[PDB]
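**Q** The file below is final_38.cif, mmCIF, C-alpha atoms:
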```cif
data_upload
#
loop_
_atom_site.label_atom_id
_atom_site.label_comp_id
_atom_site.auth_asym_id
_atom_site.auth_seq_id
_atom_site.Cartn_x
_atom_site.Cartn_y
_atom_site.Cartn_z
CA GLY A 1 -202.51 83.89 81.27
CA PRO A 2 -198.80 83.19 80.67
CA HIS A 3 -196.69 84.76 77.93
CA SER A 4 -193.44 84.20 76.05
CA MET A 5 -191.00 85.53 73.51
CA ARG A 6 -188.65 83.53 71.34
CA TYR A 7 -186.20 84.21 68.61
CA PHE A 8 -185.38 81.19 66.41
CA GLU A 9 -182.28 81.72 64.29
CA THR A 10 -180.72 79.53 61.60
CA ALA A 11 -177.50 79.68 59.66
CA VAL A 12 -176.93 77.19 56.83
CA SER A 13 -173.78 76.56 54.86
CA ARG A 14 -173.73 74.74 51.52
CA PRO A 15 -170.80 73.48 49.49
CA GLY A 16 -170.15 76.27 46.99
CA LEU A 17 -172.28 79.08 48.34
CA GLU A 18 -169.80 81.74 49.27
CA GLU A 19 -171.67 82.80 52.41
CA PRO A 20 -174.29 81.13 54.55
CA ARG A 21 -177.92 82.04 54.63
CA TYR A 22 -179.03 83.48 57.94
CA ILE A 23 -182.68 83.64 59.09
CA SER A 24 -184.08 85.10 62.31
CA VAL A 25 -187.76 84.74 63.25
CA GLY A 26 -189.30 86.37 66.35
CA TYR A 27 -192.36 85.06 68.22
CA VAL A 28 -194.62 86.57 70.85
CA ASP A 29 -196.95 83.98 72.41
CA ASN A 30 -195.85 81.59 69.61
CA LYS A 31 -197.15 83.92 66.86
CA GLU A 32 -194.51 85.21 64.42
CA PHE A 33 -194.10 89.00 64.68
CA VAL A 34 -190.73 89.87 63.05
CA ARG A 35 -188.49 88.25 60.44
CA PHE A 36 -185.05 88.74 58.90
CA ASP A 37 -183.64 86.76 55.95
CA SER A 38 -180.29 87.46 54.38
CA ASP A 39 -181.53 86.03 51.09
CA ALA A 40 -183.99 88.86 50.69
CA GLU A 41 -183.35 91.63 48.17
CA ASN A 42 -183.18 94.18 50.94
CA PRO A 43 -182.22 92.20 54.03
CA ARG A 44 -183.85 93.60 57.14
CA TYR A 45 -186.22 92.83 59.98
CA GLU A 46 -189.79 93.33 58.77
CA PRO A 47 -192.98 93.48 60.82
CA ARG A 48 -194.93 90.26 60.57
CA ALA A 49 -198.01 91.45 62.43
CA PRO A 50 -199.91 94.72 61.70
CA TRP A 51 -199.41 95.69 65.36
CA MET A 52 -195.64 96.00 64.75
CA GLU A 53 -195.85 98.61 61.95
CA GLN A 54 -196.31 101.10 64.82
CA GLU A 55 -192.58 100.89 65.77
CA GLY A 56 -190.53 103.93 64.70
CA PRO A 57 -187.48 103.81 62.37
CA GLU A 58 -185.05 103.54 65.32
CA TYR A 59 -186.47 100.09 66.11
CA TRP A 60 -185.95 98.69 62.60
CA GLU A 61 -182.50 100.18 62.20
CA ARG A 62 -181.18 98.84 65.51
CA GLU A 63 -182.80 95.44 65.08
CA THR A 64 -181.64 95.13 61.46
CA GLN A 65 -178.09 96.09 62.40
CA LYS A 66 -178.09 93.55 65.27
CA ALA A 67 -179.19 90.84 62.81
CA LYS A 68 -176.26 91.66 60.52
CA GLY A 69 -174.01 91.22 63.54
CA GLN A 70 -175.63 87.79 64.16
CA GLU A 71 -175.10 86.79 60.52
CA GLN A 72 -171.37 87.37 61.04
CA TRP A 73 -171.39 85.68 64.47
CA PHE A 74 -173.04 82.60 62.90
CA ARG A 75 -170.58 82.80 60.01
CA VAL A 76 -167.49 82.77 62.26
CA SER A 77 -169.02 80.14 64.59
CA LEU A 78 -169.79 77.92 61.57
CA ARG A 79 -166.07 78.07 60.65
CA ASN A 80 -164.96 77.27 64.21
CA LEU A 81 -167.29 74.24 64.51
CA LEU A 82 -165.97 72.79 61.25
CA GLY A 83 -162.48 72.75 62.80
CA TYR A 84 -163.75 71.49 66.19
CA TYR A 85 -165.35 68.49 64.53
CA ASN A 86 -162.53 67.82 62.06
CA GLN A 87 -165.04 68.21 59.25
CA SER A 88 -163.76 69.11 55.84
CA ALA A 89 -164.87 71.40 53.02
CA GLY A 90 -167.64 70.03 50.78
CA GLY A 91 -170.47 69.48 53.27
CA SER A 92 -173.68 71.19 54.35
CA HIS A 93 -173.88 72.50 57.91
CA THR A 94 -176.52 73.99 60.16
CA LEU A 95 -176.32 76.11 63.28
CA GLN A 96 -179.43 76.97 65.23
CA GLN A 97 -180.32 79.10 68.23
CA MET A 98 -183.43 79.59 70.37
CA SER A 99 -183.58 82.37 72.94
CA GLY A 100 -186.22 84.30 74.85
CA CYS A 101 -188.25 84.56 78.02
CA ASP A 102 -191.29 82.98 79.70
CA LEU A 103 -193.56 85.14 81.81
CA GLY A 104 -196.20 83.97 84.30
CA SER A 105 -199.72 85.44 84.32
CA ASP A 106 -198.37 88.09 86.72
CA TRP A 107 -196.03 89.09 83.84
CA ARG A 108 -192.93 88.26 85.96
CA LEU A 109 -189.99 86.33 84.50
CA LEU A 110 -190.50 82.58 84.91
CA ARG A 111 -187.60 81.33 82.79
CA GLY A 112 -184.95 82.57 80.36
CA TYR A 113 -183.88 80.39 77.38
CA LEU A 114 -180.64 80.24 75.44
CA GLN A 115 -179.78 77.13 73.47
CA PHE A 116 -177.82 76.22 70.38
CA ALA A 117 -177.71 73.23 68.05
CA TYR A 118 -175.21 72.13 65.44
CA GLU A 119 -176.41 69.80 62.67
CA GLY A 120 -179.78 69.76 64.40
CA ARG A 121 -178.29 68.33 67.61
CA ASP A 122 -177.84 69.91 71.05
CA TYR A 123 -174.54 71.76 71.19
CA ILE A 124 -174.58 74.10 74.21
CA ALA A 125 -177.37 75.58 76.28
CA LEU A 126 -177.53 78.03 79.16
CA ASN A 127 -178.97 76.35 82.24
CA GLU A 128 -182.14 77.62 83.97
CA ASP A 129 -179.92 79.26 86.63
CA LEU A 130 -178.61 81.57 83.86
CA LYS A 131 -175.07 81.08 85.22
CA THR A 132 -173.86 77.65 84.13
CA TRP A 133 -173.69 75.92 80.77
CA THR A 134 -174.50 72.40 79.63
CA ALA A 135 -172.49 71.04 76.69
CA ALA A 136 -172.60 67.29 76.04
CA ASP A 137 -170.01 66.89 73.25
CA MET A 138 -166.26 66.84 73.60
CA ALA A 139 -166.03 69.40 70.76
CA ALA A 140 -168.50 71.54 72.72
CA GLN A 141 -166.00 71.94 75.60
CA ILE A 142 -163.81 74.31 73.60
CA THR A 143 -166.83 76.63 73.47
CA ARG A 144 -167.96 76.02 77.07
CA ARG A 145 -164.49 76.92 78.39
CA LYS A 146 -164.22 79.86 76.04
CA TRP A 147 -167.59 81.17 77.24
CA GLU A 148 -166.84 80.56 80.94
CA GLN A 149 -163.53 82.47 80.64
CA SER A 150 -165.33 85.36 78.88
CA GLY A 151 -168.28 85.73 81.27
CA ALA A 152 -170.86 85.41 78.45
CA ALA A 153 -173.45 83.92 80.83
CA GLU A 154 -173.72 87.17 82.81
CA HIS A 155 -174.37 89.08 79.60
CA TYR A 156 -177.00 86.59 78.36
CA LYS A 157 -178.59 86.75 81.87
CA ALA A 158 -178.78 90.57 81.69
CA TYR A 159 -180.51 90.45 78.30
CA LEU A 160 -182.88 87.67 79.43
CA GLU A 161 -183.99 89.38 82.66
CA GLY A 162 -183.88 92.93 81.24
CA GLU A 163 -184.39 93.66 77.55
CA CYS A 164 -186.37 90.43 76.80
CA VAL A 165 -188.86 90.96 79.63
CA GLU A 166 -188.95 94.71 78.98
CA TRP A 167 -189.80 94.57 75.27
CA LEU A 168 -192.24 91.68 75.67
CA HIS A 169 -194.13 93.86 78.17
CA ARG A 170 -194.21 96.56 75.50
CA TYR A 171 -195.24 94.17 72.69
CA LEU A 172 -198.05 92.70 74.83
CA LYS A 173 -199.68 96.09 75.34
CA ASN A 174 -199.39 96.83 71.60
CA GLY A 175 -200.73 93.42 70.61
CA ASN A 176 -204.08 93.66 72.39
CA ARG A 181 -207.90 84.46 72.51
CA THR A 182 -208.22 80.65 72.38
CA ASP A 183 -210.40 79.17 69.64
CA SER A 184 -212.25 76.09 70.91
CA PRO A 185 -212.36 72.76 69.06
CA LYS A 186 -215.54 71.72 67.28
CA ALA A 187 -215.65 67.93 67.53
CA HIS A 188 -217.52 65.17 65.70
CA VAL A 189 -217.20 61.43 64.98
CA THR A 190 -217.14 59.71 61.57
CA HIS A 191 -217.81 56.07 60.64
CA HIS A 192 -215.71 54.00 58.19
CA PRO A 193 -216.07 50.35 57.06
CA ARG A 194 -212.83 48.82 58.47
CA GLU A 198 -215.54 45.69 62.44
CA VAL A 199 -215.69 49.45 61.72
CA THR A 200 -213.56 52.59 62.32
CA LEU A 201 -214.68 55.41 64.58
CA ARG A 202 -212.83 58.64 63.80
CA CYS A 203 -213.08 61.50 66.32
CA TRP A 204 -212.23 64.74 64.55
CA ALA A 205 -211.18 67.99 66.23
CA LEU A 206 -211.17 71.19 64.13
CA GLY A 207 -210.95 75.02 64.27
CA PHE A 208 -208.87 75.14 67.47
CA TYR A 209 -205.98 77.28 68.75
CA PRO A 210 -203.39 76.77 70.26
CA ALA A 211 -202.31 73.43 68.71
CA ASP A 212 -201.99 71.61 72.04
CA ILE A 213 -204.82 69.10 72.42
CA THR A 214 -205.62 65.57 73.59
CA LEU A 215 -208.13 63.07 72.21
CA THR A 216 -209.13 59.84 73.98
CA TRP A 217 -211.38 56.85 73.33
CA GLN A 218 -213.38 54.78 75.85
CA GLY A 221 -215.18 53.12 80.64
CA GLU A 222 -211.54 52.07 80.21
CA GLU A 223 -208.70 54.09 78.62
CA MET A 228 -205.95 53.63 69.05
CA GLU A 229 -204.54 55.38 65.96
CA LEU A 230 -203.96 59.14 65.69
CA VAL A 231 -202.30 61.78 63.53
CA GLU A 232 -199.97 64.60 64.50
CA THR A 233 -201.63 67.99 64.97
CA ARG A 234 -201.61 69.82 61.65
CA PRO A 235 -202.28 73.41 60.55
CA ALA A 236 -205.52 73.98 58.64
CA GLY A 237 -203.67 76.78 56.87
CA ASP A 238 -206.00 79.44 58.35
CA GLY A 239 -204.19 79.84 61.68
CA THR A 240 -206.19 77.01 63.25
CA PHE A 241 -205.32 73.36 63.83
CA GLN A 242 -206.76 69.90 63.09
CA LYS A 243 -206.41 66.44 64.62
CA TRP A 244 -208.23 63.12 64.67
CA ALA A 245 -208.11 59.80 66.55
CA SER A 246 -209.57 56.43 65.63
CA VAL A 247 -210.34 52.97 67.00
CA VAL A 248 -211.51 49.69 65.50
CA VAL A 249 -214.90 48.69 66.87
CA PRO A 250 -217.33 45.73 66.42
CA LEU A 251 -220.56 46.54 64.51
CA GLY A 252 -223.65 47.73 66.42
CA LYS A 253 -221.29 48.25 69.40
CA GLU A 254 -220.91 51.90 68.37
CA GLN A 255 -222.58 53.62 71.36
CA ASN A 256 -220.35 51.69 73.82
CA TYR A 257 -217.47 53.98 72.80
CA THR A 258 -216.98 57.69 73.57
CA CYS A 259 -214.35 60.23 72.53
CA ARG A 260 -213.09 62.95 74.86
CA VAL A 261 -211.42 66.14 73.62
CA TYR A 262 -209.23 68.14 76.01
CA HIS A 263 -208.29 71.73 75.10
CA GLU A 264 -207.50 74.88 77.10
CA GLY A 265 -210.27 76.88 75.36
CA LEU A 266 -212.95 74.52 76.64
CA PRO A 267 -214.97 75.25 79.79
CA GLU A 268 -214.72 71.48 80.29
CA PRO A 269 -213.69 68.45 78.16
CA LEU A 270 -216.00 67.61 75.24
CA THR A 271 -217.66 64.17 75.26
CA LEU A 272 -218.83 62.56 72.00
CA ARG A 273 -220.01 59.27 70.54
CA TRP A 274 -221.04 58.06 67.06
CA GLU A 275 -224.41 59.60 66.20
CA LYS B 1 -185.99 92.63 70.67
CA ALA B 2 -183.40 90.03 69.74
CA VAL B 3 -180.31 89.03 71.68
CA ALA B 4 -177.01 89.98 70.11
CA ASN B 5 -174.66 87.11 70.94
CA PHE B 6 -171.37 87.61 72.78
CA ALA B 7 -168.28 85.43 72.28
CA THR B 8 -168.38 83.32 69.13
CA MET B 9 -168.34 79.52 69.41
CA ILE C 1 -177.36 63.36 60.64
CA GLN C 2 -180.54 63.33 58.57
CA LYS C 3 -184.06 62.95 59.96
CA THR C 4 -186.62 61.63 57.49
CA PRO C 5 -189.65 63.85 56.67
CA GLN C 6 -193.07 62.99 58.06
CA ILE C 7 -195.75 63.83 55.50
CA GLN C 8 -199.51 64.50 55.77
CA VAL C 9 -201.81 65.38 52.86
CA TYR C 10 -205.24 66.78 53.71
CA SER C 11 -207.73 69.53 52.92
CA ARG C 12 -208.42 72.75 54.83
CA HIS C 13 -212.21 72.27 54.92
CA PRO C 14 -214.16 69.01 55.14
CA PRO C 15 -214.15 67.52 51.64
CA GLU C 16 -217.01 68.16 49.11
CA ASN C 17 -216.89 67.35 45.37
CA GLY C 18 -217.04 70.34 42.97
CA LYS C 19 -216.65 72.88 45.82
CA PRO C 20 -213.40 74.87 46.21
CA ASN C 21 -211.00 73.95 49.00
CA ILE C 22 -207.27 73.97 49.77
CA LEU C 23 -205.01 70.94 49.66
CA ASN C 24 -202.22 70.88 52.23
CA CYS C 25 -198.97 69.01 52.22
CA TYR C 26 -197.45 69.27 55.70
CA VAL C 27 -193.88 68.08 55.97
CA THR C 28 -192.30 67.93 59.43
CA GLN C 29 -189.44 66.51 61.42
CA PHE C 30 -186.69 66.66 58.79
CA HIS C 31 -183.02 67.64 58.56
CA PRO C 32 -181.25 69.11 56.87
CA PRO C 33 -183.50 71.97 55.77
CA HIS C 34 -183.07 71.63 51.99
CA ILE C 35 -186.21 69.91 50.67
CA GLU C 36 -188.23 69.66 47.43
CA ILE C 37 -191.96 69.30 47.66
CA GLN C 38 -194.28 68.73 44.72
CA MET C 39 -198.04 68.44 44.67
CA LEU C 40 -199.62 66.30 41.95
CA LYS C 41 -202.99 66.08 40.22
CA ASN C 42 -203.79 62.80 38.52
CA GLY C 43 -199.99 62.43 38.20
CA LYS C 44 -199.56 65.98 36.87
CA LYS C 45 -197.70 68.82 38.71
CA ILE C 46 -199.93 71.53 40.16
CA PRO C 47 -198.66 74.94 38.94
CA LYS C 48 -199.11 77.56 41.68
CA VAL C 49 -198.09 75.68 44.83
CA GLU C 50 -197.77 78.01 47.81
CA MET C 51 -194.88 77.32 50.20
CA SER C 52 -194.82 78.58 53.81
CA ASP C 53 -191.59 79.96 55.24
CA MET C 54 -189.58 77.10 56.70
CA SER C 55 -189.51 77.03 60.47
CA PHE C 56 -188.11 74.69 63.07
CA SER C 57 -189.48 73.02 66.17
CA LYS C 58 -188.20 72.99 69.74
CA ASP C 59 -186.49 69.66 68.95
CA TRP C 60 -184.53 71.50 66.20
CA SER C 61 -186.20 69.62 63.33
CA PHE C 62 -187.56 71.61 60.36
CA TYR C 63 -191.15 71.82 59.14
CA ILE C 64 -192.99 73.42 56.24
CA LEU C 65 -196.46 73.68 54.74
CA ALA C 66 -197.15 73.45 51.02
CA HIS C 67 -200.68 74.27 49.93
CA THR C 68 -202.69 74.83 46.75
CA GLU C 69 -206.14 75.69 45.46
CA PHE C 70 -207.88 72.51 44.41
CA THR C 71 -211.35 71.23 43.52
CA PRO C 72 -211.87 67.55 44.51
CA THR C 73 -213.80 65.43 41.95
CA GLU C 74 -214.82 61.81 42.70
CA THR C 75 -212.24 60.70 40.15
CA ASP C 76 -209.15 62.86 40.69
CA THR C 77 -206.12 61.67 42.62
CA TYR C 78 -203.99 64.09 44.59
CA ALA C 79 -200.52 63.35 45.88
CA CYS C 80 -197.58 65.03 47.49
CA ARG C 81 -194.07 63.98 46.41
CA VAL C 82 -191.16 64.88 48.69
CA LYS C 83 -187.49 64.62 47.81
CA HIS C 84 -184.95 64.91 50.63
CA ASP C 85 -181.38 63.72 51.44
CA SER C 86 -182.66 61.23 54.03
CA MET C 87 -184.52 59.21 51.38
CA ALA C 88 -182.85 57.43 48.46
CA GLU C 89 -186.05 57.77 46.40
CA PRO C 90 -188.68 60.54 46.47
CA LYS C 91 -191.57 59.74 48.87
CA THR C 92 -195.13 59.95 47.58
CA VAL C 93 -198.26 60.15 49.70
CA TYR C 94 -201.82 60.21 48.35
CA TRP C 95 -204.72 62.34 49.57
CA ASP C 96 -207.29 60.24 51.36
CA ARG C 97 -210.47 62.32 51.90
CA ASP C 98 -211.22 60.48 55.15
CA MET C 99 -207.86 61.18 56.85
#
```
Would you mind writing the structure in this file as structure tokens?
**A**
Amino acid sequence: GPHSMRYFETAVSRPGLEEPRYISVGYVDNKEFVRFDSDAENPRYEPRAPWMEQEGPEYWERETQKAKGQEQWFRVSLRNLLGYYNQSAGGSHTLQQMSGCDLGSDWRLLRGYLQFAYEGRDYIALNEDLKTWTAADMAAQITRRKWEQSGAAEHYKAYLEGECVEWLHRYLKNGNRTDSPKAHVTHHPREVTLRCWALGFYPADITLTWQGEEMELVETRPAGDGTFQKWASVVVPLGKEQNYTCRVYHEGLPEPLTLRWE
Amino acid sequence: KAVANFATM
Amino acid sequence: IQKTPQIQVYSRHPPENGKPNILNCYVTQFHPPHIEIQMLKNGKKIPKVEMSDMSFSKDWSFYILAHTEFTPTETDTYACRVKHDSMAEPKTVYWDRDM
């Protein structure tokens, strides 16, 4: 099937705090595999999956040193943004970045990603063409023009098509499953409530329906054990239980599960 | 491997 | 601008009185990332509350999982109390074994 790599990076300023806290987290197929936190005693990228311990000391030295470079980057950019938005000293501020690559099942590059947010809101993103930028805000135009004049896009493109694809290939060999949902319905004395539960599944993505014709739900939640939970409920007249069926749709299923109150 | 950004904002 | 935390309180394994389990407090969709999460047992703070590393979603909002060892009697009340800049008062949500 398809594959992906992402790095999610955060820098956070607070009022007194001399310097900002920088965190970088790396994901391969949405599972965390490396992490760097400048708050740590010895700040460095650590393996986050046993299959990463196999990387030599060159890996950890080069990656750790890159992260220190990012910390500074985020530090300087955090200063610039303050000025761009005519913000003053005394506030808390956040700068975020997502970057990485999507591969198809053939392992070819489907899509590069490079996006940034300031105060949790879209700031500037590299378009899918990997050549042009989108930047909504007026303040963002100082950066867009700066980055057009500097040819940054070409350099982000080179990383996205080269190094990102290349090391994901490597990681995927070193890292060598969907857990299906077990479903069941519960009964609660609302006129009664039918609650279709879904449990033990991975990945989180899932749909639950209630029926004949096409309801309360909860957001998908982690069990804490790597797997996910969800439920969905409807209010139903008494005795009229069997007239209602729940369908669960998940990628790990051979076909959608069908259930009723039993 | 992580990207190392280019020009600052 | 702040986004107010969404909170769910629930157990890892289907609930059974006397039998060990884990109580989760899942806090999502908030900004900024500074947050205080407490878990409560009959009104009393639970001591060894495990906190996941904070992460963020593709919409740039932050999320985090607090959990703790707990044993669910018929009589005990469990809550999660969240304090965050987006809310003037701390927000409390109670464990409901059926949700």
**Q** Please report the interatomic distance between CA of residue 99 in chain A and CA of residue 183 in chain A in Å with one decimal.
**A**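 Calculated distance between CA of residue 99 in chain A and CA of residue 183 in chain A is 27.2 Å.
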**Q** Taking only residues of range 235-256 of chain A that have an atom at most 7 Å from an atom of range 192-215 of chain A, what is each one's shortest atom pair and its distance in Å to one decimal, using only C-alpha atoms, in chain and number order, as a tab-separated table?
**A**
```
residue	atom	partner	partner_atom	distance
A:240	CA	A:207	CA	5.3
A:241	CA	A:208	CA	5.4
A:242	CA	A:206	CA	4.7
A:243	CA	A:205	CA	5.3
A:244	CA	A:204	CA	4.3
A:245	CA	A:203	CA	5.3
A:246	CA	A:202	CA	4.3
A:247	CA	A:201	CA	5.5
A:248	CA	A:200	CA	4.8
A:249	CA	A:199	CA	5.3
A:250	CA	A:198	CA	4.4
A:251	CA	A:198	CA	5.5
```
**Q** Using the chain letters and numbers from the file, give me the residues hit by the PyMOL selection byres ((chain C and resi 40-51) around 7), as a list in words.
**A** residues 38, 39, 52, 53, 65, 66, 67, 68, 76, 77, 78, 79 and 80 of chain C
**Q** So how many Å separate CA of residue 83 in chain A and CA of residue 32 in chain C, to one decimal?
**A**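 Going from CA of residue 83 in chain A over to CA of residue 32 in chain C covers 20.0 Å.
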**Q** What is the distance between CA of residue 12 in chain C and CA of residue 238 in chain A, in Å to one decimal?
**A**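 Value for the CA of residue 12 in chain C-CA of residue 238 in chain A distance: 7.9 Å.
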**Q** If we count all atoms listed in the file and set the cut-off at 7 Å, which residues sit around residue 102 in chain A, ignoring sequence neighbours fewer than 6 positions away in its own chain? Please answer as a ChimeraX atom specification.
**A** /A:3-5,109-112
**Q** Can you tell me, as a list in words, what residues are no more than 7 Å from residue 140 in chain A when counting all atoms listed in the file, ignoring any on the same chain fewer than 5 positions away?
**A** residues 123, 124 and 135 of chain A
**Q** Assuming the chain letters and numbering stay as they are in my file, what does the PyMOL selection byres ((chain A and resi 164) around 8) actually select? List them as a PyMOL selection string.
**A** (chain A and resi 5+100-101+159-163+165-168) or (chain B and resi 1-2)
**Q** Residue by residue, what does the PyMOL selection byres ((chain B and resi 8) around 10) grab here? Present the result as a PyMOL selection string.
**A** (chain A and resi 70+72-78+80+143+146-147+152) or (chain B and resi 5-7+9)
**Q** Write out as a tab-separated table a residue-level contact list of chain C versus chain A with cut-off 12 Å: for each qualifying residue the closest pair of atoms and the distance in Å to one decimal, counting all atoms listed in the file, rows sorted by chain and residue number upward.
**A**
```
residue	atom	partner	partner_atom	distance
C:1	CA	A:119	CA	6.8
C:2	CA	A:119	CA	8.7
C:3	CA	A:120	CA	9.2
C:6	CA	A:232	CA	9.6
C:7	CA	A:232	CA	10.0
C:8	CA	A:234	CA	8.2
C:9	CA	A:234	CA	9.8
C:10	CA	A:236	CA	8.7
C:11	CA	A:236	CA	7.6
C:12	CA	A:236	CA	4.9
C:13	CA	A:236	CA	7.8
C:14	CA	A:206	CA	9.7
C:21	CA	A:236	CA	11.1
C:22	CA	A:237	CA	8.4
C:23	CA	A:237	CA	9.4
C:24	CA	A:237	CA	7.6
C:25	CA	A:234	CA	9.8
C:26	CA	A:234	CA	7.3
C:27	CA	A:234	CA	9.7
C:28	CA	A:234	CA	9.8
C:29	CA	A:120	CA	10.6
C:30	CA	A:120	CA	9.4
C:31	CA	A:120	CA	7.0
C:32	CA	A:94	CA	7.6
C:33	CA	A:12	CA	8.5
C:34	CA	A:12	CA	9.6
C:50	CA	A:237	CA	10.9
C:51	CA	A:237	CA	11.0
C:52	CA	A:237	CA	9.5
C:53	CA	A:25	CA	10.1
C:54	CA	A:23	CA	9.8
C:55	CA	A:8	CA	8.3
C:56	CA	A:8	CA	7.8
C:57	CA	A:8	CA	9.1
C:58	CA	A:98	CA	8.2
C:59	CA	A:120	CA	8.1
C:60	CA	A:120	CA	5.4
C:61	CA	A:120	CA	6.5
C:62	CA	A:120	CA	9.0
C:63	CA	A:234	CA	10.9
C:64	CA	A:235	CA	10.2
C:65	CA	A:237	CA	8.1
C:66	CA	A:237	CA	9.4
C:67	CA	A:237	CA	8.0
C:68	CA	A:237	CA	10.4
C:69	CA	A:237	CA	11.7
C:85	CA	A:92	CA	11.1
C:97	CA	A:192	CA	11.7
C:98	CA	A:192	CA	8.4
C:99	CA	A:244	CA	8.1
```
**Q** Those selected residues, please, written with C-alpha atoms and delivered as an mmCIF file, in the frame of the given file.
**A**
```
data_model
loop_
_atom_site.group_PDB
_atom_site.id
_atom_site.type_symbol
_atom_site.label_atom_id
_atom_site.label_comp_id
_atom_site.auth_asym_id
_atom_site.auth_seq_id
_atom_site.Cartn_x
_atom_site.Cartn_y
_atom_site.Cartn_z
ATOM 1 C CA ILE C 1 -177.360 63.360 60.640
ATOM 2 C CA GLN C 2 -180.540 63.330 58.570
ATOM 3 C CA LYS C 3 -184.060 62.950 59.960
ATOM 4 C CA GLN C 6 -193.070 62.990 58.060
ATOM 5 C CA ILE C 7 -195.750 63.830 55.500
ATOM 6 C CA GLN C 8 -199.510 64.500 55.770
ATOM 7 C CA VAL C 9 -201.810 65.380 52.860
ATOM 8 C CA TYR C 10 -205.240 66.780 53.710
ATOM 9 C CA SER C 11 -207.730 69.530 52.920
ATOM 10 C CA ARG C 12 -208.420 72.750 54.830
ATOM 11 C CA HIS C 13 -212.210 72.270 54.920
ATOM 12 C CA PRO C 14 -214.160 69.010 55.140
ATOM 13 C CA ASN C 21 -211.000 73.950 49.000
ATOM 14 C CA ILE C 22 -207.270 73.970 49.770
ATOM 15 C CA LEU C 23 -205.010 70.940 49.660
ATOM 16 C CA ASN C 24 -202.220 70.880 52.230
ATOM 17 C CA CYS C 25 -198.970 69.010 52.220
ATOM 18 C CA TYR C 26 -197.450 69.270 55.700
ATOM 19 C CA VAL C 27 -193.880 68.080 55.970
ATOM 20 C CA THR C 28 -192.300 67.930 59.430
ATOM 21 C CA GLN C 29 -189.440 66.510 61.420
ATOM 22 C CA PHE C 30 -186.690 66.660 58.790
ATOM 23 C CA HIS C 31 -183.020 67.640 58.560
ATOM 24 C CA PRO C 32 -181.250 69.110 56.870
ATOM 25 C CA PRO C 33 -183.500 71.970 55.770
ATOM 26 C CA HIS C 34 -183.070 71.630 51.990
ATOM 27 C CA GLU C 50 -197.770 78.010 47.810
ATOM 28 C CA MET C 51 -194.880 77.320 50.200
ATOM 29 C CA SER C 52 -194.820 78.580 53.810
ATOM 30 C CA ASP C 53 -191.590 79.960 55.240
ATOM 31 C CA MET C 54 -189.580 77.100 56.700
ATOM 32 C CA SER C 55 -189.510 77.030 60.470
ATOM 33 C CA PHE C 56 -188.110 74.690 63.070
ATOM 34 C CA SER C 57 -189.480 73.020 66.170
ATOM 35 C CA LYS C 58 -188.200 72.990 69.740
ATOM 36 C CA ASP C 59 -186.490 69.660 68.950
ATOM 37 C CA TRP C 60 -184.530 71.500 66.200
ATOM 38 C CA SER C 61 -186.200 69.620 63.330
ATOM 39 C CA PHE C 62 -187.560 71.610 60.360
ATOM 40 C CA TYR C 63 -191.150 71.820 59.140
ATOM 41 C CA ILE C 64 -192.990 73.420 56.240
ATOM 42 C CA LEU C 65 -196.460 73.680 54.740
ATOM 43 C CA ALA C 66 -197.150 73.450 51.020
ATOM 44 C CA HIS C 67 -200.680 74.270 49.930
ATOM 45 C CA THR C 68 -202.690 74.830 46.750
ATOM 46 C CA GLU C 69 -206.140 75.690 45.460
ATOM 47 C CA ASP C 85 -181.380 63.720 51.440
ATOM 48 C CA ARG C 97 -210.470 62.320 51.900
ATOM 49 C CA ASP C 98 -211.220 60.480 55.150
ATOM 50 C CA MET C 99 -207.860 61.180 56.850
#
```
**Q** Could you give me, as an mmCIF file with C-alpha atoms, keeping the file's coordinate frame, the residues within 9 Å of range 27-44 of chain A, counting all atoms listed in the file and dropping anything in the same chain fewer than 4 positions from it?
**A**
```cif
data_model
loop_
_atom_site.group_PDB
_atom_site.id
_atom_site.type_symbol
_atom_site.label_atom_id
_atom_site.label_comp_id
_atom_site.auth_asym_id
_atom_site.auth_seq_id
_atom_site.Cartn_x
_atom_site.Cartn_y
_atom_site.Cartn_z
ATOM 1 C CA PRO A 2 -198.800 83.190 80.670
ATOM 2 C CA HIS A 3 -196.690 84.760 77.930
ATOM 3 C CA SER A 4 -193.440 84.200 76.050
ATOM 4 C CA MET A 5 -191.000 85.530 73.510
ATOM 5 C CA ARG A 6 -188.650 83.530 71.340
ATOM 6 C CA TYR A 7 -186.200 84.210 68.610
ATOM 7 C CA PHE A 8 -185.380 81.190 66.410
ATOM 8 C CA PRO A 20 -174.290 81.130 54.550
ATOM 9 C CA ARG A 21 -177.920 82.040 54.630
ATOM 10 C CA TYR A 22 -179.030 83.480 57.940
ATOM 11 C CA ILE A 23 -182.680 83.640 59.090
ATOM 12 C CA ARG A 48 -194.930 90.260 60.570
ATOM 13 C CA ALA A 49 -198.010 91.450 62.430
ATOM 14 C CA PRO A 50 -199.910 94.720 61.700
ATOM 15 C CA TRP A 51 -199.410 95.690 65.360
ATOM 16 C CA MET A 52 -195.640 96.000 64.750
ATOM 17 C CA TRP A 60 -185.950 98.690 62.600
ATOM 18 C CA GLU A 61 -182.500 100.180 62.200
ATOM 19 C CA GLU A 63 -182.800 95.440 65.080
ATOM 20 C CA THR A 64 -181.640 95.130 61.460
ATOM 21 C CA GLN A 65 -178.090 96.090 62.400
ATOM 22 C CA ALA A 67 -179.190 90.840 62.810
ATOM 23 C CA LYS A 68 -176.260 91.660 60.520
ATOM 24 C CA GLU A 71 -175.100 86.790 60.520
ATOM 25 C CA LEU A 168 -192.240 91.680 75.670
ATOM 26 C CA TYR A 171 -195.240 94.170 72.690
ATOM 27 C CA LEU A 172 -198.050 92.700 74.830
ATOM 28 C CA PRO A 210 -203.390 76.770 70.260
#
```
